[PDB]
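Here the protein sequences come in this chain order: W and F.
Mind the numbering: the first sequence is residues 48 to 446, 464 to 891 in UniProt numbering, read in order.
The numbering of the second sequence is UniProt numbering, which starts it at 48 and goes up by one.
Ideal placement from N, C-alpha and C gives every residue a C-beta, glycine not left out.
Okay, structure first, notes after.
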Amino acid sequence: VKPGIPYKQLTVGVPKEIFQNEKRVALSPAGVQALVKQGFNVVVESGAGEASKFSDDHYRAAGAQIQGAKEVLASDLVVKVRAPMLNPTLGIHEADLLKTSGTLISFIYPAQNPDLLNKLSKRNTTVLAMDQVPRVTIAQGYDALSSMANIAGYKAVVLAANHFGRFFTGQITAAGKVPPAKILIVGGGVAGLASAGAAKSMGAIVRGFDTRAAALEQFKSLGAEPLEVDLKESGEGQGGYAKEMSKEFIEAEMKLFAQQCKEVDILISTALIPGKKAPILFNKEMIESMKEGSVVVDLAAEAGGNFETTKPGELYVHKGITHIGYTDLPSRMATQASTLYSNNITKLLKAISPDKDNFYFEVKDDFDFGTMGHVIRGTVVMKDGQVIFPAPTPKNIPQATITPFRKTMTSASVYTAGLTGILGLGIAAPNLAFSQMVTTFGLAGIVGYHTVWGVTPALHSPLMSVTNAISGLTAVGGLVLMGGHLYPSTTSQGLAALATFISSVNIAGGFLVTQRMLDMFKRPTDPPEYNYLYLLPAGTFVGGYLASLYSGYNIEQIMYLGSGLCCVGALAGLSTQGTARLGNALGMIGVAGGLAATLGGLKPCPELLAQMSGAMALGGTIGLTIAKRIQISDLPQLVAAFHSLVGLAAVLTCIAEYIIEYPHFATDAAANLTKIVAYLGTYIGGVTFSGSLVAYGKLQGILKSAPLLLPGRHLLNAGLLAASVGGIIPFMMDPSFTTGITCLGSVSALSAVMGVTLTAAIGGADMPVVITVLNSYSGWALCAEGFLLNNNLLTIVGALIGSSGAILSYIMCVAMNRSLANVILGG
Amino acid sequence: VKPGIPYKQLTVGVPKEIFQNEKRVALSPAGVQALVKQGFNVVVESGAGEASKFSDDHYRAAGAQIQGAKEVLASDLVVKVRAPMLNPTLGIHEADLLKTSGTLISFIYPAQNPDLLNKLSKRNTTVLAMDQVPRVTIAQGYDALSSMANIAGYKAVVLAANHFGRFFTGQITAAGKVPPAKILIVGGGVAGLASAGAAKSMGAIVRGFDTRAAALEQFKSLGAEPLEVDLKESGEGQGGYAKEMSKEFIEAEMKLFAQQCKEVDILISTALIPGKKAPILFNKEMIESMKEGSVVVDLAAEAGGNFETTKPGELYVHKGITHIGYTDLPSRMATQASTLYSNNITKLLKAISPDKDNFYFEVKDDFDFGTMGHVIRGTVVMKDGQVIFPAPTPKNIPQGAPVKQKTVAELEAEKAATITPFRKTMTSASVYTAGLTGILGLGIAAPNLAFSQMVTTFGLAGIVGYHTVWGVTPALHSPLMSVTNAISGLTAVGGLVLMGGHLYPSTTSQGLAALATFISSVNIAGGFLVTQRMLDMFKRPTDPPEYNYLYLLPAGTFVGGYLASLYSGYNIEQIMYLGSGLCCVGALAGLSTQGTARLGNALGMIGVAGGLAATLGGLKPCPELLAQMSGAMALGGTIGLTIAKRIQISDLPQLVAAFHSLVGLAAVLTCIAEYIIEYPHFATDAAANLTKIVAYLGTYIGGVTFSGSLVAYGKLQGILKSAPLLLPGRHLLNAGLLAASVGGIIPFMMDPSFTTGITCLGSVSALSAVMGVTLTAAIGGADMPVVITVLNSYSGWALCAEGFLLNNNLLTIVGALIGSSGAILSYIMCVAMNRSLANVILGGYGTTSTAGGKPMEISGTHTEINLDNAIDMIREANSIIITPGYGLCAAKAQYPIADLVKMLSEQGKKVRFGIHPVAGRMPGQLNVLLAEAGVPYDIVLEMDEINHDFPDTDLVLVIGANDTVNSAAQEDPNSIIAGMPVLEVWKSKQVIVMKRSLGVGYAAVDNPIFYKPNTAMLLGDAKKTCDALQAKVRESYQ
Ligand SMILES: NC(=O)c1ccc[n+]([C@@H]2O[C@H](COP(=O)([O-])OP(=O)(O)OC[C@H]3O[C@@H](n4cnc5c(N)ncnc54)[C@H](OP(=O)(O)O)[C@@H]3O)[C@@H](O)[C@H]2O)c1
Ligand SMILES: NC(=O)c1ccc[n+]([C@@H]2O[C@H](COP(=O)([O-])OP(=O)(O)OC[C@H]3O[C@@H](n4cnc5c(N)ncnc54)[C@H](O)[C@@H]3O)[C@@H](O)[C@H]2O)c1
Ligand SMILES: NC(=O)c1ccc[n+]([C@@H]2O[C@H](COP(=O)([O-])OP(=O)(O)OC[C@H]3O[C@@H](n4cnc5c(N)ncnc54)[C@H](O)[C@@H]3O)[C@@H](O)[C@H]2O)c1
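Here it is as structure tokens:
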């Protein structure tokens, strides 16, 4: 036997209210269907919902039974709204018609009704209180006082108009301004904020006030203008309630209200402190200072009132302003209130006995906070005649490190170190050509910095290919170092032939995979453009050049400027999704013009010309035929596959220079730079080679996605870099061919090891950043090749590619929320 | 003598209303201040305002004169609400108590009341019916039936609740959810739309319905659910009024309403057909099908009804449904009814006699549909005792098809359809092949390698400068120009190279290039002082203290690091030129983020010092010639410092236009100075034809930059006149000057004689100065800032000229940095207005978005208030956006404005500034004036950053601006400034414009923002009005 009594033997009782002009009923038909869902039997008195606009047909259909009056209160559960009284119709008190040990669910206010408690102790019954329910978090779904405060506030707002003779909203008609009404609200609780919301939505403006700090914040939340009192007091008593305030605070607040009273139109006071009367906040000399036609509502007329002038129940128009001072506000919205009050009981009755049919609710003396035993102890006022109204105490709980002088110091430090670096580059100059080349270098660097900045996340990899294609222009270093006859006779010419063979593949394949990374945007609704019109510069620029070689005009430098500006136009126009085709075409024209210019920059032997033509032709054919037969899903896969050659070509070119310039060294002015910069070029190209190989291998499923950690993870890179830097001292001005060539071999092999070590432990989710990083490195190899060869095109193009690739790597780090240091070095 | 009886001996009378349960009164105390400002005398019956809460003290203090009843009715004008009825308190008709041949103002309803018109014809009176006013476009302010319908439609909603049982709004309460209430409307007139507004703002569900097509659209603009029926008969009859329907349409409509009547809770029927009774649209068994507790409100209870169950003056609960069938809804809100009806009678009496004082008011017979004569003929029912109530037909009738509504930005989208993508691609591909032909042409003209290197560094400097100028803050364009006038002082480098001799100059060439150094050393010190005085006005007083003297640390590192590199025997001058060039690029690049501005000034100082020191060390003179150079530069810097610290900031553009002219002189005094000093080399040189052509072109460029700048000075200071001097043929003369200038290179070549070349130099200098004076004075005093900035480009290019001429590498990078800056500023200012550069320079008509003829005309009247409305309306507002113009700083009125804003943001308001790009006499001028007055830079917004906050804005103070707030830029396709991006100030709650009088500044004969009904004028001088606002804010807040 479970501890309780099943729901079939119990019955609830809904009487009508004999109290004066009471219109609401205890249960709606929405609440009669519940508890029949749960299991009770519902007995409803006949004339019960008629003032509440609930006909008896909904009660007969909802599961109840319309019956008399002497037996509705004689039920196991009596659910009223107001506490029982002396019935004048039957001549008997309503407690005398209750049964023995019944259950009553009502408003009680037991501290204000001693004799009702005595008469219910005579009937030896169990009484719960709807008004003693503690306001905790879990019990806010069943709070009768909050619901009645909400409806009373809405009723006061909707009742203020229909007596106020002007608008609340106000509009600029084309007939004159009408200004809005200005409403003041005293006391932000449940009624006041609901009033503020109903008034703010209707069109007026609100300037509410309360002594607490949270209610003012909620006025700011609802859109009100909270008032601030000068005297900085508190507003809290034993929790989040209101205490009786000091007289200095009262006379400051009344001065504030006397200031505000001359300008508002509707004053809705809702001040009420617990356990005492309502605070008087308005004098008769204070309230008569309003305009004629103002409407002034008090909602605390039950326990006194907020005014010196309130007849509780009348609408006497005291000196041209109306007092709305009813004490029964929810009774005028009985169809509304009897819903929410019914919802306040159903959610009570589902919670106190949360099972099939037992109806038990253990009333225990120990309770802490927030637990339902807290609610059960607070709610039950009488248990079997014996009164437990003083509830006990709650248990356990009732709830610039940078100092910005140093910013200016480090900024001035950066600029003064930069100006010293410019001076140090100036001191070590061999001739005028180096100074001129550093000038066009620095300008190309700034041009390359500013020229991306506007790309779209759809367009990271569709431009990288073009940079690949523009970094395919290492082939000029092969073109300025072949010679002899049709076959390459010397080993320097052989290395140059290898370089310009392997670097034609990059050009042809990079532009074709650009063309294939632009076809994957063309939806089948787009207007047919005309790309062949973009051939109109090219024959003008390449072929129109050739007559100048037929007319004896030696045009190479202005051609280099033209190809550099076309490459800038490529990178620029390929950055905003509308002009990507234009950028692709300008990159093609830039490469073609540069290679034709450097081709005419030798006037070679006809067999030598046939050699260079055959080498570039075979390289371009291979670069086409790889890039064409492949999928689409391997296009960003492919770029590193055509990037790995690129720096390798630079390495060969650097080595080629050291082989061609070694007999010229003994009687040389510019002798150190054409070894130091060649050494750095070898380093950069070798790292580019091995790193792009590891990039492709990690993207082609040869290796994993996991960064392969090592024991030596930065000692190892430190040792590689230390040997790499100390590889420049074994040719301190040495006359040996042998130690120079083995230094070149040493830095090449160690650069390969370094690229493997860096690009290995990365992870295939930052590898499209790493492609931009190596594509950024190769531009500096191109600038080194320019310094070796004294060629403006390679200097401009290399600086452009370098700064653009590095800035795109930074923007790709900006797209996600990572840095670059925590990405690369294994943070 | 003028035809009329003046207002002084013309009195009015306001009686108390005598009709049963009438609480309205015809004139408010707010309504008797007009008609007293207009000129009448006002007599009010002693108890007329007591019903609508108007105390008699407000009358007698408003300008009224309290009397009894028999003498208020025998007045020269009687103004009341209803028709004058039989007085019960003494049995006599109120037409008997009228003055003989007087005039009456009320509702009449003459067709329903000819018997009262008999009594009016016996007394030979003139009658103005309020109800018979035809509803035309110039008659919105005086439409009494619309106002009464508006109040009735609101009052029906607010009276339906307090009788309905539950919420309208509905929310998710923790006790449980409640659904919103359903409200049906029948017939969207004016009352139905007001009820729809009142129901939608309270959070309800509105599903109104009407026969006419546009009323359903206005429902769904108000947010209702506009219903429909499955039968298609056109509801409209003769006009905007409806008509009777077919019987079967009535059957289908009552079927639709019987289908939805079982669902809604509130229903308001405003169906009212003119000429006969209101249609019955609901049966009594149809309406008992609703829920128990619904509220049914009928607004047609007087003229029949929309229900067969409506008691015409009472509530009753018929089987659980309340029937609010009140016949006088506006008589319950007598205060608001009296105020609106008073406004209607006020605007009627103001509109009928627009004469100052005659009150003539003639009735005419032939009129156009819509004119005032139409309203006068349709309104006067009895004219001098005889009946003229059947109105004649409106001749010259419009409305064959009245639909244009062609907004401005629609036209350029239509023009975008002409731009077929073949032609887009083709016009893109022509520009690049033109550029590559330009590259090949510049290639062919190369004499050697060094010129090609100079072309390459010129092109890269141009791109660097182009990208770094778009990076600047839009709030710093005016320091920007000043620092360019600093950096353009590097023609001193052009001066010192050709400068030789001893303590004194020896030849004439050495004397020209000492004058060049002298007039260039003004620009350096002057530009850096005026940039320094401008950048520390942007420093807020709460900023961290700025330790700028640390930036002397790089300079002595660089420049002094040069000297020990010169003392030890090196040649770093080509690297010093690069270092100074990068410092000059950084001078604008750091001038981009408002916190590094003084950084970007000190870098300019370091670069100019390094460049001058580098050129000097490369010269290695005797200490006599070094002493001459030091004397020249110190004297020039003395004068440049001592004129930069004397002026005000608002006299800055003159100084800016003064700094260009000196550079335009200096290039001329450096080009000639090389043509003389390079003369014994021309026969034995290959580049000799190069350094002549450049030595031509620079003389042209400075030759235009000089003279025109003096005119651009001379108009802006006021020495020359503000009116553009137009010549009869000035297009032929300017083109002929340009033809002579381009033809002057033909004798300059092919003919190596000394005298014939120097006279070509003098010829091109003279004709270029004439070209500048001719083009400059024909511009106009408004568009003159364009001549400020475009010349700033030319002063750049002159620098580029001598960078090709002296084979120097700093001058090209600096000049390409400056000329790009001038070009981009001129482009921005020719975008901010929709004009083109040829339209500005050559003086065409209007903007580029100008269509053909007939711009639109104004409609409506202008509202003007005083300081007291102004201060109380400032006090109530909680978001103020201020748009100043040039007229603010023309009258020195920014000093009270900054104090006003500092006062109003202590109170807790949100006050900001919105600055149009061309407000002022210089790009970015008004930012500096507002920073001088003391506004922190964080509340000064541009046009693009603030133009979508005008709907969320209480009050906008337009100060001294007309064309930057003109609305016709976005509405009239024929206005003179259509398409110009403006401020959308009319999209807010209330607008104040402060100017002297209702006139124009430069164009736009009338601004249509002055007449929209939430625009208040505050005419007066801005100086006294703004500091009076300062004084009132101080006296009232303290
Ligand atoms: N800023 C530039 O760089 C630049 C460049 C090229 C062209 N523009 C021209 O500049 C124009 C600027 O137009 P905007 O809207 O700023 O001005 P606006 O349209 O020319 O009108 C200025 C207004 O200020 C009023 N005003 C003048 N002095 C006043 C004072 N002491 N107190 C009060 N009000 C005073 C004038 O009223 P009253 O005259 O009736 O007294 C006038 O209505 C543009 O339309 C453009 O055509 C500017
Ligand atoms: N879930 C929960 O437990 C829960 C939820 C919401 C609110 N609450 C509590 O319930 C209360 C909500 O307010 P209510 O309307 O129910 O109570 P209430 O009827 O006591 O409200 C009276 C209002 O008048 C204010 N007031 C009191 N003395 C004043 C004075 N001298 N001057 C000006 N204003 C004065 C009070 O601050 C309050 O805003 C708050 O105390 C809040 O902490 C609890
Ligand atoms: N630009 C203009 O010309 C303009 C602008 C605004 C207003 N106006 C005038 O003001 C008038 C505003 O209307 P009002 O409120 O003064 O007149 P009203 O109160 O008589 O309107 C009656 C309403 O009931 C509707 N109705 C008529 N017969 C019906 C039927 N059988 N069933 C259902 N609905 C029916 C009408 O369409 C109208 O919406 C317009 O009709 C027009 O003449 C004109």
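Sub-9 Å separation of residue i and residue j beta-carbons
i: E92 (chain F); j: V119 (chain F); result: yes
i: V422 (chain F); j: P157 (chain F); result: no
i: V789 (chain W); j: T746 (chain W); result: no
i: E849 (chain W); j: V540 (chain W); result: yes
i: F154 (chain W); j: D178 (chain W); result: yes
i: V126 (chain W); j: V174 (chain W); result: no
i: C631 (chain W); j: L864 (chain W); result: yes
Distance cut-off 8 Å: residue i Cβ against heavy atoms of ligand 1
i: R580 (chain W); result: no
i: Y1049 (chain F); result: yes
i: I368 (chain W); result: no
i: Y874 (chain F); result: no
8 Å contact criterion, which residue i and residue j should meet: CB distance rounded
i: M292 (chain W); j: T317 (chain W); result: Wrong, their Cβ atoms sit about 16 Å apart, outside the cutoff.
i: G506 (chain W); j: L625 (chain F); result: 6 Å
i: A381 (chain F); j: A350 (chain F); result: Actually they are not in contact, since the Cβ atoms of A381 (chain F) and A350 (chain F) sit about 22 Å apart, beyond 8 Å.
Residue i: CB within 8 Å of a non-hydrogen atom of ligand 2
i: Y106 (chain W); result: no
i: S1022 (chain F); result: no
i: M333 (chain W); result: no
Closer than 8 Å: residue i CB and nearest ligand 3 heavy atom
i: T184 (chain F); result: yes
Neighbourhood of residue i by C-beta, 8 Å cutoff - its chain only, sequence neighbours within 5 removed
i: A636 (chain F); result: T515, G518 and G647
i: residue 455 (chain W); result: Because chain W is numbered from 446 directly to 464, the model contains no atoms for residue 455 (chain W).
i: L784 (chain W); result: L814, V817, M818 and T821
Own chain partners of residue i with C-beta closer than 7 Å, once the 5 adjacent residues on each side are dropped
i: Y288 (chain W); result: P321
i: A186 (chain W); result: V180 and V422
Residue i: CB within 8 Å of a non-hydrogen atom of ligand 5
i: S193 (chain W); result: Looking for ligand 5 in the displayed structure turns up nothing; the ligands present are ligand 1, ligand 2 and ligand 3.
Beta-carbon contacts of residue i that lie in its chain and below 6 Å, excluding the five residues immediately before and after
i: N405 (chain W); result: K49 and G51
Exercise for the section: Could you list the residues in the stretch 487-506 of chain F with a C-beta less than 8 Å from some C-beta on chain W, going in chain order? Expected result: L487, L489, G490, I491, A493, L496, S499, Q500, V502, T503, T504 and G506
Problem - Near-chain W residues of the stretch 166-199 of chain F (beta-carbon distance less than 9 Å), N- to C-terminal order - result: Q187, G188, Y189, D190, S193, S194, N197 and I198
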